[PDB]
Amino acid sequence: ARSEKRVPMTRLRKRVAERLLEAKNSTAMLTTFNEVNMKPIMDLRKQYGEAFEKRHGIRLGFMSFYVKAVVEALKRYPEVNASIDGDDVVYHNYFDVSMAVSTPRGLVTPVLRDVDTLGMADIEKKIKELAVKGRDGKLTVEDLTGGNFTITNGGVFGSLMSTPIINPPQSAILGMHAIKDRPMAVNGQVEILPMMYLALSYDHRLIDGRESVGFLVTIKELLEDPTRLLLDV
Amino acid sequence: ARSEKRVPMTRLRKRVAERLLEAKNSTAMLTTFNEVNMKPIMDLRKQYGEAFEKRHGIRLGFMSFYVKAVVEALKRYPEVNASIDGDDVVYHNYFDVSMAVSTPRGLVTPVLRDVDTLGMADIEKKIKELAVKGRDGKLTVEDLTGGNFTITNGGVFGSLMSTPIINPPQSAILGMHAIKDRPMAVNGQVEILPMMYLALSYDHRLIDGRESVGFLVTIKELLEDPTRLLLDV
Amino acid sequence: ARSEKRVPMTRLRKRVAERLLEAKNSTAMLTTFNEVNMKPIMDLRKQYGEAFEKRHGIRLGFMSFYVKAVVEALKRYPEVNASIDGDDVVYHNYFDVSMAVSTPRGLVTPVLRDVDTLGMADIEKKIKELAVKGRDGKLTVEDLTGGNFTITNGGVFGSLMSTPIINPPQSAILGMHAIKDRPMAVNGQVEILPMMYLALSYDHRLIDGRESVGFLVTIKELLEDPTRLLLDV
Amino acid sequence: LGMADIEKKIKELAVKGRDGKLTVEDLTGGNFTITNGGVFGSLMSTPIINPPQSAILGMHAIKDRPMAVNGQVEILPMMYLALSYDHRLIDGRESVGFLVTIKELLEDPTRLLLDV
């Protein structure tokens, strides 16, 4: 009936909205974009999916490819794997990557620890585990604290492209989006490819234009041809 | 002659520039994007334009379609139709939408009240009325205050895509852009379609990634096929 | 060995990171985008490159075209050529344009002074000079102070599109990106063109949506057909 | 009622009238009637007015039939419509206009949104 409904914010949500605002005003976030042809990865899933699941007992998804690419990019650009703490820059000699998971009570980012030591099947398993816990609200504070970088996937909701927000106190975040067929120029000919836009938001106080672009280009190259991870080129 | 001209800012403009800065630093604005095929709407205007004007005494434009789509999206995502006031979230049980109109003295946003009760012809009429007033500076403070959301159209100036700024104290804004022919993938074939990019800037303190994307996807679906408004799918 | 390496920030870098943050929170930066077909300029370089170098003793690059376009846009939109100083708006009756150059010790922006008086060959020479100095760290404080606008080129690193950050105390910045073949709609037919996205970040306190879009559209028009600079249309 | 709500009410009444649980309240009233003989394969017919209403719309079977479309012949799923009306109250012009309106809104439901 009444034309307006006023609902008080809980004390928790009070200092949650009053934190991203503090952190968002404490960093110089910028966003850089690129695109990636997902055909190669989609073909690998179709060609080896059955045999992969039979051998590992887990389905080969897209996330393990993203994680592997992010780890390698994190190794090539240590500045992005770092954080700013007071008057110090803290470089991390390990690789923890936060992964956004939608829970009935919002969005949370459980941490995948030492992802650089995990094989692809193991990454898919950990992701499924954390996803299940965050689905049944059994995620612990231990599971949620930490991470040197974050990967969020809005493509599940049909997002074309967007500006992801940095996850405090990390220095950058990778936003994945929907994969959509789009006409592309390939060797002088136009052919339709399953394209996905990538967005990397980064704290310009620590990461410059050159490194943010190079970091995203590295992810693009490793996704368009996973074999590059083996050759290291 | 002099290499520099210093012009003092009026006292009004003083606290106008000193407000968007205050509000812009008080919110966590982010922007998400999508695209829409305007062919269906352009065909409806060509097919029914003449008969529409004869029956209603007003031309069928693009804006009434946008408003109808925004209202439905506002109904499906009440969080976007809300505002943050102090420690409270104010949900609005009505639909007022601010509409950006270029005036000889800048840009203003007159409000379309209870747009959800207006038929398309009635929406086009109100828009033309407010546009005329804002064109002859006869817009009153009453006409300018309020609104739960804003729609701004930069396409008039040839804009491809941009980041619109939130209109205080609203929580989100939809930026429309130029309609340009672009090769698209349609059922395995490449065909040229009149495409327009959409930008939705939103206050992340209140609207999360999932809702901002879902809200924009809803607008996209209702514009690519207005009939969906009738079926409610 | 240790899983973390803490490195103190120098006092200089202390108030460098503690400045872009101050300035970034003191302005209302927004970003607008567009795209440009570089085929015409690429054809001019191929057709006249040899004769240009023989007559001027310098190679005809892309930058002189960008500078010429930016100057003309700066003339058509004086608001963008201005700055905000306290309660005053300072309009500049000259044209100094900062140019981002990557140096072994970071990124710096030497200033091209009175670029509106320089011919294209002269612009290419000045750019090469400043680039060399900034390459051997022989850039003076005089060379680095000033500028009414900035042009930064991330395309060198393969950037598709991004949000450039405003260079204090200027009011806007133009970000150039990589040139990539992309299928486009040309006279009802699809043809592959060398496309580049453009990004213009601007201080909304001084520049409105209409002027930011018009400014970028002007650059686009002058780059897609440099002859327009002669006709002034 | 929204479209989903209309389909639900129709299914409800259909079930009741199928199990004879339709009440006199459910059966009295109505300003107009819609009857569908197409379920039985009817091509076209003259429906009879439901007292004390003034008109009734008869729907029939949908059958593929060659039609003229932009100078070309193409097969379309066509259905004949019949509107019986009490001429004491409704004249030729209004009966025809009423049926033409139904035809236009069915051939392009979007017209309901534009109101044209």
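FYI, it's all coordinate maths here, none of it is from the lab. Using ideal geometry, Cβ is built from the backbone for each residue, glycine included, and neighbour counts are taken over all protein chains shown.
List of remarks:
- Once region C:205-222 is narrowed to residues that are assigned to a helix (DSSP H, G or I) and without any contact (Cβ under 8 Å) to a residue 40 or more places away in the chain, the residue that is farthest from B:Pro104 (Cα to Cα) is C:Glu221.
- Scanning region A:220-230 for residues that are within 12 Å of another protein chain (Cβ to nearest Cβ) and of a type outside the set (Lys, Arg) yields a single hit, A:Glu221.
- Residues considered: D:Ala61, D:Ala14, D:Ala68, D:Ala55. Of these, the only one that is small (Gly, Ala, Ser) and in contact with a helix residue (DSSP H, G or I) (Cβ under 6 Å, 6 or more places away or on another chain) is D:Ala61.
- B:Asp116 falls short on exactly one of the conditions (1) surrounded by 19 or more Cβ atoms within 10 Å (Cβ to Cβ); (2) within 16 Å of the chain's Cα centre (by Cα), and that condition is (1).
- Number of the condition not met by A:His177 [criteria: (1) farther than 18 Å from C:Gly154 by Cβ; (2) not in a strand (DSSP E or B)]: (2)
- Selection of region C:1-53 for residues being more than 14 Å from chain B (Cβ to nearest Cβ), more than 28 Å from A:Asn148 (Cβ to Cβ) and in contact (Cβ under 8 Å) with a residue 40 or more places away in the chain yields C:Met38, C:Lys39, C:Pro40, C:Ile41, C:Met42, C:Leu44, C:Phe52.
- Of residues in region B:179-194 being touching a residue at least 24 places away in the same chain (Cβ under 8 Å) and more than 9 Å from every other protein chain (Cβ to nearest Cβ), the one nearest to B:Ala28 (Cα to Cα): B:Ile179
- Where strands (runs of 3 or more DSSP E) sit wholly within region B:61-160, those with at least 2 residues that are within 13 Å of chain A (Cβ to nearest Cβ) and over 23 Å from B:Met38 (Cα atoms) occupy B:83-85, B:88-92.
- Test result for D:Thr33, under 22 Å from D:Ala82 (Cα atoms) and touching a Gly at 6+ places or on another chain (Cβ under 8 Å): no
- Candidates C:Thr109, C:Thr27: the one that is more than 16 Å from the chain's Cα centre (by Cα), of a type in the set (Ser, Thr, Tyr) and surrounded by 20 or more Cβ atoms within 10 Å (Cβ to Cβ) is C:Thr27.
- For region A:131-169, taking the residues that are β-branched (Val, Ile, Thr) and touching a helix residue (DSSP H, G or I) at 6+ places or on another chain (Cβ under 9 Å), the one that is surrounded by the fewest Cβ atoms within 10 Å (Cβ to Cβ) is identified as A:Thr140.
- Among (1) small (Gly, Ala, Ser); (2) closer than 26 Å to B:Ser102 by Cβ; (3) outside any helix (DSSP H, G or I); (4) out of contact with any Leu (no Cβ under 8 Å at 6 or more places or on another chain) - the single one C:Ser201 does not satisfy: (4)
- Residue within region A:198-217 that is within 12 Å of chain B (Cβ to nearest Cβ) and either over 25 Å from A:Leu112 (Cβ atoms) or crowded, with 16+ Cβ neighbours inside 10 Å (or both) present: yes
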